[PDB]
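> For reference, the structure I am asking about is given below.
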Amino acid sequence: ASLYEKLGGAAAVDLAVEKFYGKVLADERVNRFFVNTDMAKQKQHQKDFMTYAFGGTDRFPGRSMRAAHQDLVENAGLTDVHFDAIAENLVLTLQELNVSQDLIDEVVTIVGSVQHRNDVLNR
Ligand code: HEB
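Given below as structure tokens:
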């Protein structure tokens, strides 16, 4: 089932993305990685990150994810503590929205993918 199906429609997806966006924007650990991008791009990223986490991982092939995040790794120090922080903000978002524990458990597992983390962190 897709993100839209799991959250129960477009209104729910919009509210989750907005809340996740707001948490990342305010989090000094990770807000800095979105320098030089506009609001719509940031919201799109947080929607994509959430889509991956809810199981839509085929939409984000590893080779593409390596290339996408290479500049962040080499020239902005992106590493595990930052990946952990954005994942934490997602989980907190879902808890504050009272999303089912079962769905949250799945999200925690999938966002913990070793391979997607290795590809994003270019290692
Ligand atoms: C792991 C869950 C993860 C995913 C799935 C993800 C996805 C993307 C996508 C799709 C892009 C854009 C690629 C394109 O348009 O071709 C992308 C770009 C950026 N990312 Fe991420 N990202 C993931 C993981 C992270 C982590 C961790 C980040 C930082 C803490 C992070 C940041 C960014 C940034 C700054 C970009 C470039 C700006 C943009 O919006 O395109 N990503 N990511």
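Counting from 2, one number per residue, gives the positions in the sequence shown under the entry's author numbering. Don't be surprised by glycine CBs; every beta carbon is placed ideally from N, CA and C.
Taking just the CA atoms, how far does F21 sit from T94?
6 Å
> Have a look at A41 and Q47 and give me their C-alpha separation to the nearest angstrom.
10 Å
> Of the residues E89, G57, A13 and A77, which one's Cα is nearest the Cα of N37?
Answer by Cα proximity: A77.
> Can you tell me which of the three DSSP states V82 falls into?
helix
> What is the DSSP secondary structure of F61, reduced to helix, strand or coil?
Looking at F61 - three-state DSSP - the assignment turns out to be coil, as it is neither helix nor strand.
> For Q116 and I105, which I take to be in contact (beta-carbon distance under 8 Å), what is that distance rounded to the nearest angstrom?
Contact doesn't hold; Cβ gap of about 21 Å is too wide.
> Just to confirm, does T38 get its C-beta within under 6 Å of one of the non-hydrogen atoms of ligand 1?
yes
> Between the segment 83 to 93 and the segment 16 to 34, are three or more C-beta pairs nearer than 8 Å?
A contact is defined here as three or more CB-CB pairs under 8 Å, and the segment 83 to 93 meets this definition with respect to the segment 16 to 34.
> Can you look up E29 in the DSSP assignment and give me helix, strand or coil?
coil
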